[PDB]
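S.K.:
There are 2 protein chains.
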Amino acid sequence: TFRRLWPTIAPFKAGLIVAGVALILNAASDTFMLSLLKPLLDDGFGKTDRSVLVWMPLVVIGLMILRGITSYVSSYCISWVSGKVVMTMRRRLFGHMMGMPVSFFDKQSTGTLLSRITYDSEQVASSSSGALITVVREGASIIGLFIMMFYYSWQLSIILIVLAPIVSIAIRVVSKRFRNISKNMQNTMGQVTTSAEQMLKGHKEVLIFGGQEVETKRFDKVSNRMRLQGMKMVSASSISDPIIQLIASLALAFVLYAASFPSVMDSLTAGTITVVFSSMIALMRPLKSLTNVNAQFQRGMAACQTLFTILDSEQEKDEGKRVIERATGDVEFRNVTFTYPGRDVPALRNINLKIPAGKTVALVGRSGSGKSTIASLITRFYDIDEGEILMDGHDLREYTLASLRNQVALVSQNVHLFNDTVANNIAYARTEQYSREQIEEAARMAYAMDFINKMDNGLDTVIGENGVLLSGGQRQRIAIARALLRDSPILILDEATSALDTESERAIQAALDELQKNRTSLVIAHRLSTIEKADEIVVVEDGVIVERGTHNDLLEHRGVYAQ
Amino acid sequence: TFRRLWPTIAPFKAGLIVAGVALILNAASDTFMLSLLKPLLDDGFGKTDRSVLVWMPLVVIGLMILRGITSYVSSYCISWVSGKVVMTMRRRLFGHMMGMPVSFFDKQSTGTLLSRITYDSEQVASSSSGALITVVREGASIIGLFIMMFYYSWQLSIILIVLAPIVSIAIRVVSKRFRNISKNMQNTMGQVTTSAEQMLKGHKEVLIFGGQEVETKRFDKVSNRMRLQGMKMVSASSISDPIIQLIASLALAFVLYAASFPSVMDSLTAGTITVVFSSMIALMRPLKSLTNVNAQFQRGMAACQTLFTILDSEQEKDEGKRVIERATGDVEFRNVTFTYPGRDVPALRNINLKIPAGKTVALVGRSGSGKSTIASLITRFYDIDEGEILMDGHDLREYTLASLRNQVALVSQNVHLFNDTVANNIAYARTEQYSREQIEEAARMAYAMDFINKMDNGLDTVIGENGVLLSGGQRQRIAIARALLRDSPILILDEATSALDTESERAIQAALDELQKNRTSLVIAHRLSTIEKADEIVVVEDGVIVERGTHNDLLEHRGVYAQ
Ligand SMILES: CCCCCCCCCCCCCC(=O)O[C@H](CCCCCCCCCCC)CC(=O)O[C@@H]1[C@@H](NC(=O)C[C@@H](CCCCCCCCCCC)OC(=O)CCCCCCCCCCC)[C@H](OC[C@H]2O[C@H](OP(=O)(O)O)[C@H](NC(=O)C[C@H](O)CCCCCCCCCCC)[C@@H](OC(=O)C[C@H](O)CCCCCCCCCCC)[C@@H]2O)O[C@H](CO[C@]2(C(=O)O)C[C@@H](O[C@]3(C(=O)O)C[C@@H](O)[C@@H](O)[C@@H]([C@H](O)CO)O3)[C@@H](O)[C@@H]([C@H](O)CO)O2)[C@H]1OP(=O)(O)O
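Structural data, given as structure tokens:
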């Protein structure tokens, strides 16, 4: 439980303990000020004297600068735990996310990963700090006030300490009822959310038929059902606080009825009774929070448990011990039967495809099956279920992923561009081993000149997100340069659109001639240039091996592009 | 803006005024209860022994059950306005949503309209009702407390009333600094969120390219900038309350300094000063919240202003006063040029396509140009930018939308399914005209579907977002019946997937054929069978009309395609 989050807290005890002391001093400052009451009313206004009257204002100002400076110190030095553990958990999650398989990213979890990184890791230490600020402050206030009563009037404290548990458990039971009701109606609010969003999703279809009068009549019945439970939210929550205050007020009436009604119980003067009868009311926040704390501690810890399910999810299983500077040998597939995680119909059964060195393979991309998975299986995005994949004799899994993944460079129109500059995203993890001259030849040979060659600014310009919103016509070319900065024995080409380009198609033929005159390439095809200019055209797709041949043998039998 | 919102709240004065009276009674309860101190400490434990004290705890518990009653009543009867200006706004927005065209849905907005219905309308009357739970309560507590000051000690309440504005504007300036600082870090929060979502969304091209350690090092800098910003934010938030409380403490010291002079004594006894100086503490939340009211009244009103920007927009321009019961005449397009809202390159250039009666026109969506924009033009999803659209020799605008949208019926592999019964789904907004015998006639005519027959619940079973989810090979089938419940002169037939299922493909083709015995059809289809047995065949892409011919002249002017 908390024992696994404790090591993260461990190097910040120097902040946590100081926050705890700054808050117990806050509670003591909110109790000595009440202790000032008895002299003020007893030795002052009752028994006429001015020493207490003159000394009380400066004492109050002193105690309030103590209240303020210690509250500020607690708030600052708890954010050195709630702001330096949020950072560490976010960074540990992020480091445990970039080395986890893209299979997790493959719609097993949607874009709520950003929420789990930011909002959840904020809430963990915003609610587990709210269950330490609360615990230390309020459990200091409780003990301080109970110490206050004993020295001043233990005749009322001996009644209060036995009145405590009923008022303490009443709030707990009513709060449990409130939380159970909220958990019950979670389904109702989820249902109205689904009913509201699905019409906005299917606006087209609902508009297609006669009219939306029936649709809004249907919406009325869910609006009413949400109204009737929005009523019940307040009818269940605003019954808790009045009932708690009424029980606490019965206790208040009990202690007040414990007056000098017994003539023996005449030890209380006005100052003696005012402090106790006031701490009675000061006891509302702490005894409430001491029982509402467990509703937030175990909830922040539930969020941390979700983050720990994320974190304990295994990284990519990296066990290869091989590195290759230039994959000279042939790359080929051998009876690679593969199923995506979460799919039953195999998108790729046994395939014996081979990619000879210095030659290209073009897969026609209209079918939409066995297109991206053949690309992915070379990069160890999704590991092969049953099969063998060989580069330079040896199997694919013998290499470490850090060594392998540089041996393949994917190029696509739908290409992710980094927040950094154009001189950095071109050479991500390659600023160290490649210099500005290399970036310049990469830009020159890749024909990125229409956007970035002419200016004397040269290399570094803002091009990414929150930049100039680079167009596709040069996203393709900067991806081409990203691949064409060498150390790319194998390339994967998408050509998803194959649409109007201002000689960017000529640029990618230049890329073809430049970086597979001696290197390999596996391509998915959507253009007549891909159909015509290709050493070996393989239209193997639909999870089946059907054709294999050059331009003369584009067809096994009459079919697609078999002219 | 509140002037325009108030008509919605007009018929709920009977709830709002009662809530106001309940809360002002709550404030008066919290004020008379504090006033009760002076009889207590001035005639019980103090000078006179016991005449007041007998009924004091009984009056206390009585006035606390009054407090509880007037809190619960004001919560319920303010929920009766927060759930009848939320429900009415939701029902009015939704009614002003299904009439608002698809141009709003596709590009001018996204799926956050569910949020705009739910959260952005809950937070209108969860903040404008918080600026009346707060206003009346905390402006009644202040007024009652001030009247109680004047009655009990008028010789030092004037000090309070002249001291009020300093502590009243100190809170305002401190909160202004707080809230102006608050919006400054929103940029940094957005920046780190953008970094964490874009680099995480770019798992592809951040992993294949080896940028793992460098990506983590980049993330560390933004984590540092988030931690430092959180430090600054918490410091700016927690400087506020201590210094406000210290100014309030200086006021406490001021009243105590006044309490020491010999002019205010002899009109200030132990009970009187006790109650008077307890009101000093009682007044903390009232005067603190009465200045933070405008931080929520004009914020919920701003949210309502966003809702009013949504609401005060324009419906589709339904400029038509003609009805049609059977679109017997030809549906033709002449020199139609159209641009999507938000796109400069025309997706549809000049067109002269004609859809004759009793003959089908087919298309292939490999190019993905002018395939949906022509489908979504018969339905008036996007209004004609320029040209002529002919319906029985009359222009499109002659018919009204309600009359026209019956005359078309789209058929698609992917399609929206309502969360309703099957008899309502097949006949949505048509249950009044067609009954269960006709529904089962349609099912009998829908040969391919077997899940709803011979099980005897398939007249009113559940298939939508609940019950049995419908697979893709059967959403198509039920859509066939939805279109094949007659009154469908015009057909749009999409084929998002070229794949075929046993007898499902033949079933949709048979549906097309019996919808070609009479009526017309415009078809998008990657499959070649429909064009093989099409009456008229076209390949119109790239906007400009290029083709007009039967199978003998399949693709004449297209060029290098050649069937
Ligand atoms: C013109 C210019 C003049 C200005 C100059 C002024 C000069 C003053 C100088 C400085 C003074 C110090 C002020 C201060 O600064 O000191 C306060 C505490 C004060 C302690 C300091 C002692 C000073 C002694 C001086 C001695 C010097 C020698 C700040 C703080 O220590 O904690 C503060 C909070 N907690 C309290 O316990 C004080 C709270 C109670 C504490 C009172 C102690 C005072 C005793 C002194 C008496 C001596 C005088 C002679 O009352 C108060 O305010 C105080 C009002 C006092 C009323 C008089 C009572 C005594 C009279 C009779 C006895 C003789 C306070 O929230 C309490 C509110 O709850 C009720 O309403 P609701 O619940 O909302 O409905 C009260 N309604 C009532 O009817 C109460 C009524 O009495 C009930 C009586 C019945 C119950 C008795 C039980 C019996 C027990 C037996 C069982 C064993 C309402 O009381 C009011 O105003 C109205 C007022 O009572 C009317 C009184 C009506 C009835 C009177 C009965 C007696 C009369 C009978 C006679 C016959 C009160 O406002 O708000 C801030 C902000 O906190 C959050 C935050 O954490 O940030 C807290 C959050 O509140 C909650 C929440 O609802 O969610 C609720 C909390 O319970 C808690 O759950 C926290 C939680 O921890 C998570 O947050 O959340 C929320 O407020 C939020 C902001 O709203 C927006 O964010 O801010 C906190 O600060 P922070 O935490 O430090 O930041």
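Chains as they are written, first to last, in PDB author numbering: chain B, 12 to 574; chain A, 12 to 574. By construction, the Cβ of each residue, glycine as well, lies at the ideal position given by its N, Cα and C atoms.
With three or more beta-carbon pairs closer than 8 Å as the criterion, would you say the region 156 to 168 of chain B touches the region 228 to 243 of chain B?
M.R.: The way I'd put it, the region 156 to 168 of chain B doesn't touch the region 228 to 243 of chain B; fewer than three beta-carbon pairs between them come closer than 8 Å.
S.K.: Does the distance from the C-beta atom of A/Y439 to that of B/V225 stay below 8 Å?
M.R.: Locating residue 439 of chain A in the second sequence gives position 428, where the first residue counts as 1. Locating residue 225 of chain B in the first sequence gives position 214, where the first residue counts as 1. Their beta carbons are under 8 Å apart, which means A/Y439 touches B/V225 by this criterion.
S.K.: Confirm the yes/no value for this check: CB of A/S289, any heavy atom of ligand 1, distance under 7 Å.
M.R.: On the second sequence, position 278 is the one that residue 289 of chain A refers to. Yes.
S.K.: Can you name the residues of chain B whose CB is closer than 8 Å to the CB of A/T204?
M.R.: Against the second sequence, residue 204 of chain A aligns to sequence position 193. Here the neighbours are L125 and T129.
S.K.: Sort B/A413, B/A490, B/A420 and B/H405 by Cα distance to B/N435 and report the nearest one.
M.R.: Sequence index remark: in the first sequence, residue 435 of chain B carries index 424 (1-based). Residue B/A490 is the option with its Cα nearest to B/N435.
S.K.: Cβ of B/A293 versus every heavy atom of ligand 1: is any distance shorter than 7 Å?
M.R.: Locating residue 293 of chain B in the first sequence gives position 282, counting from the first residue. Checking every heavy atom of ligand 1 against the Cβ of B/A293, one is found closer than 7 Å.
S.K.: Would you mind giving the Cβ-Cβ distance between A/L52 and B/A281, rounded to the nearest angstrom? I have them listed as a contact below 8 Å.
M.R.: Start at 1 with the first residue of the second sequence, and residue 52 of chain A comes out as number 41. Start at 1 with the first residue of the first sequence, and residue 281 of chain B comes out as number 270. Between A/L52 and B/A281 the beta-carbon gap is near 5 Å, inside 8 Å, which marks them as a contact.
S.K.: Indicate whether at least one CB of chain B lies closer than 8 Å to the CB of A/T199.
M.R.: Against the second sequence, residue 199 of chain A aligns to sequence position 188. Answer no: the Cβ-Cβ gap between A/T199 and chain B never drops below 8 Å.
S.K.: Please identify, using Cβ separations under 9 Å, the residues of the region 328 to 353 of chain B that lie next to chain A, in order along the chain.
M.R.: none
S.K.: Candidates B/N477, B/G475, B/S482 and B/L374: which alpha carbon is nearest B/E543's?
M.R.: Taking the first residue of the first sequence as position 1, residue 543 of chain B is located at position 532. Ranking B/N477, B/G475, B/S482 and B/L374 by Cα distance to B/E543 puts B/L374 first.
S.K.: Is there at least one Cβ from chain A nearer than 8 Å to B/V375's Cβ?
M.R.: Counting from 1 along the first sequence, the entry for residue 375 of chain B is found at position 364. Not an interface residue.
S.K.: Counting C-beta neighbours from all protein chains within 10 Å, is the total for B/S260 16 or more, i.e. buried, or is it exposed?
M.R.: For the purposes of this step, residue 260 of chain B is taken as residue 249 along the first sequence, with counting starting at 1. B/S260 is classed as buried because its beta carbon has at least 16 other beta carbons within 10 Å across all chains shown.
S.K.: Quick one: is the Cβ of A/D252 within less than 7 Å of any heavy atom of ligand 1?
M.R.: Within the second sequence, the letter at position 241 stands for residue 252 of chain A. A/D252 has its Cβ nearer than 7 Å to a heavy atom of ligand 1.
S.K.: Under 8 Å: do the region 303 to 320 of chain B and the region 139 to 151 of chain B share three or more Cβ pairs, one atom per stretch?
M.R.: yes
S.K.: Going along the chain, which unbroken runs of the alpha helix (DSSP H) with 4 or more residues stay wholly within the region 431 to 493 of chain A?
M.R.: 433 to 437 and 447 to 456
S.K.: Tell me which same chain residues have a C-beta within less than 6 Å of the C-beta of A/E397, skipping the five on either side of it?
M.R.: Numbered from 1 along the second sequence, position 386 holds the residue referred to as residue 397 of chain A. Same-chain partners within the cutoff: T348.
S.K.: Which residue marks the beginning of the beta strand (DSSP E) containing B/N346, and which one marks its end?
M.R.: Here residue 346 of chain B is taken as the residue at index 335 of the first sequence, counted from 1. Segment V342 to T348, the beta strand (DSSP E) holding B/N346.
S.K.: Can you have a look at A/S300 and say buried or exposed, based on whether 16 or more other CB atoms are within 10 angstroms of its CB?
M.R.: Walking along the second sequence from the start, residue 300 of chain A turns up at place 289. A/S300 is buried by the Cβ-count criterion.
S.K.: Give me the Cα-Cα distance between B/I463 and B/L470, rounded to the nearest whole angstrom.
M.R.: Against the first sequence, residue 463 of chain B aligns to sequence position 452. Against the first sequence, residue 470 of chain B aligns to sequence position 459. Approximately 8 Å between the Cα atoms of the pair.
S.K.: Contact defined as beta carbons within less than 8 Å: I believe B/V146 pairs with B/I35. What is the distance between those atoms, to the nearest angstrom?
M.R.: Walking along the first sequence from the start, residue 146 of chain B turns up at place 135. Walking along the first sequence from the start, residue 35 of chain B turns up at place 24. Not quite, the Cβ-Cβ distance comes to about 11 Å (not below 8 Å), so this is no contact.
S.K.: With 16 as the cutoff for other CB atoms within 10 Å, does A/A25 come out buried or exposed?
M.R.: Locating residue 25 of chain A in the second sequence gives position 14, counting from the first residue. By the neighbour-count rule (16 or more Cβ atoms within 10 Å), A/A25 is not buried but exposed.
S.K.: For ligand 1, I want to know if residue 621 of chain A counts as a neighbour, meaning its beta carbon is within less than 7 Å of at least one of the ligand's heavy atoms.
M.R.: Here chain A has residues from 12 to 574 only, and residue 621 of chain A is not among them.
S.K.: Give the single residue among B/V29, B/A30 and B/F265 whose Cα lies nearest to the Cα of B/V173.
M.R.: Here residue 173 of chain B refers to the residue found at position 162 when the first sequence is read from its first residue. Nearest option by C-alpha distance: B/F265.
S.K.: Flag this pair as yes or no: are the beta carbons of B/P352 and B/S120 separated by less than 8 Å?
M.R.: Here the question's residue 352 of chain B lines up with position 341 in the first sequence. Here the question's residue 120 of chain B lines up with position 109 in the first sequence. Cβ distance not < 8 Å, so B/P352 and B/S120 don't count as in contact.
S.K.: Could you check whether the Cβ of B/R296 sits closer than 7 Å to any heavy atom belonging to ligand 3?
M.R.: Only ligand 1 can be found as ligands here, which leaves ligand 3 out of the picture.
S.K.: Would you kindly report the start and end of the unbroken alpha helix (DSSP H) that includes A/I292?
M.R.: For the purposes of this step, residue 292 of chain A is identified with residue 281 of the second sequence, where counting begins at 1. Segment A281 to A293, the alpha helix (DSSP H) holding A/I292.
S.K.: Measure the CB-CB distance between A/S446 and A/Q487 and report whether it falls below 8 Å.
M.R.: For the purposes of this step, residue 446 of chain A is taken as residue 435 along the second sequence, with counting starting at 1. For the purposes of this step, residue 487 of chain A is taken as residue 476 along the second sequence, with counting starting at 1. No, these two residues do not count as a Cβ contact at 8 Å.
S.K.: Could you tell me if the beta carbon of A/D461 falls within a distance shorter than 7 Å of some heavy atom in ligand 1?
M.R.: By one-based count along the second sequence, residue 461 of chain A stands at place 450. No, ligand 1 has no heavy atom inside 7 Å of this Cβ.
S.K.: What are the boundary residues of the beta strand (DSSP E) that includes A/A373?
M.R.: To locate residue 373 of chain A, count along the second sequence from 1; it is residue 362. Residues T371 to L374.
S.K.: Counting only C-beta atoms, is A/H568 closer than 8 Å to chain B at any point?
M.R.: Here residue 568 of chain A is taken as the residue at index 557 of the second sequence, counted from 1. Taking Cβ atoms only, chain B never reaches closer than 8 Å to A/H568, which makes this a no.
S.K.: Taking only runs that begin and end inside the region 142 to 211 of chain B, name each unbroken beta strand (DSSP E) of 3 or more residues, in chain order.
M.R.: Counting whole runs of 3 or more residues, the region 142 to 211 of chain B contains no beta strand (DSSP E) stretch at all.
S.K.: By Cβ distance below 8 Å, which residues in the same chain neighbour A/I335 in space, the five residues on each side in sequence not counted?
M.R.: Stepping through the second sequence from its first residue, residue 335 of chain A is reached at position 324. Same-chain partners within the cutoff: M402, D403, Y410, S414, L415 and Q418.
S.K.: Less than 7 Å between the CB of residue 576 of chain A and some heavy atom of ligand 1, yes or no?
M.R.: Outside the modelled stretch of chain A, which goes from 12 to 574, sits residue 576 of chain A, for which no answer is possible.
S.K.: Taking only the alpha-carbon atoms, compute the straight-line gap between residue 584 of chain A and A/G379 and give it to the nearest angstrom.
M.R.: This structure cannot speak to residue 584 of chain A, because chain A is shown only from 12 to 574.
S.K.: Among A/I182, A/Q240 and A/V304, which one has its Cα closest to the Cα of A/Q197?
M.R.: Locating residue 197 of chain A in the second sequence gives position 186, where the first residue counts as 1. A/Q197 has its Cα closest to that of A/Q240, out of A/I182, A/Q240 and A/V304.
S.K.: Quick check: A/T472 and A/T432, are their CB atoms within less than 8 Å of each other?
M.R.: On the second sequence, position 461 is the one that residue 472 of chain A refers to. On the second sequence, position 421 is the one that residue 432 of chain A refers to. Taking 8 Å as the Cβ cut-off, A/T472 and A/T432 qualify as a contacting pair.
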